[PDB]
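> Got a structure for you, questions after.
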Amino acid sequence: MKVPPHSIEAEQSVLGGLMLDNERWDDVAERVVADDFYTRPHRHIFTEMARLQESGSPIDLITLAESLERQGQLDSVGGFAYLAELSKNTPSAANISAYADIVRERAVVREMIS
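What follows is the structure, encoded as structure tokens:
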């Protein structure tokens, strides 16, 4: 098989980078939407960031965690541990834009199958 290439680790450093620096919401969100994450837990986390931003709220770790906890979906992404992993799985947001571009790549590869 060619297994479909994910962007897991880039996706991780996107979500991590948003926890790291909430201003990069604009920088990620200019390239991507939730639909670009094929990774359901990465998607959950992104849609909850998107919710919080729509709700005029922070998208840092604990805010996001408590958002998913109000959903009763914290466990449904891997608990606070999986969030905490993301939060400390980015090189200081320095490549966040590049990682979001790679998630968008994998999404375009998902749409342009033919």
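Residue numbers (the deposited numbering): 23 to 136. C-beta: ideal position from N, C-alpha, C; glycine also.
Can you say whether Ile124 is buried or exposed, counting buried as having 16 or more other CB atoms within 10 angstroms of its CB?
Buried: at least 16 other Cβ atoms inside 10 Å.
> Can you tell me where the alpha helix (DSSP H) with residue 168 in it begins and where it stops?
Within the shown structure, residues of the chain are numbered from 23 to 136, placing residue 168 beyond reach of any answer.
> How long is the line joining the alpha carbons of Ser109 and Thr61, rounded to whole angstroms?
Between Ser109 and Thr61, the C-alpha separation is close to 17 Å.
> Helix or strand or just coil, what does DSSP make of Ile81?
Residue state, collapsed to three classes: coil.
> State whether the stretch 72-81 contacts the stretch 104-121, with contact taken as three or more CB pairs (one from each stretch) at a distance under 8 Å.
Short answer: they don't touch.
> Excluding sequence positions up to five away, which residues of its chain have a Cβ less than 7 Å from the Cβ of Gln75?
Once the five neighbours on either side are set aside, the close Cβ partners of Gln75 are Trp47, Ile81.
> Return the CA-CA distance between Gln95 and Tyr104, expressed in angstroms with no decimal places.
Cα-Cα distance, rounded: 12 Å.
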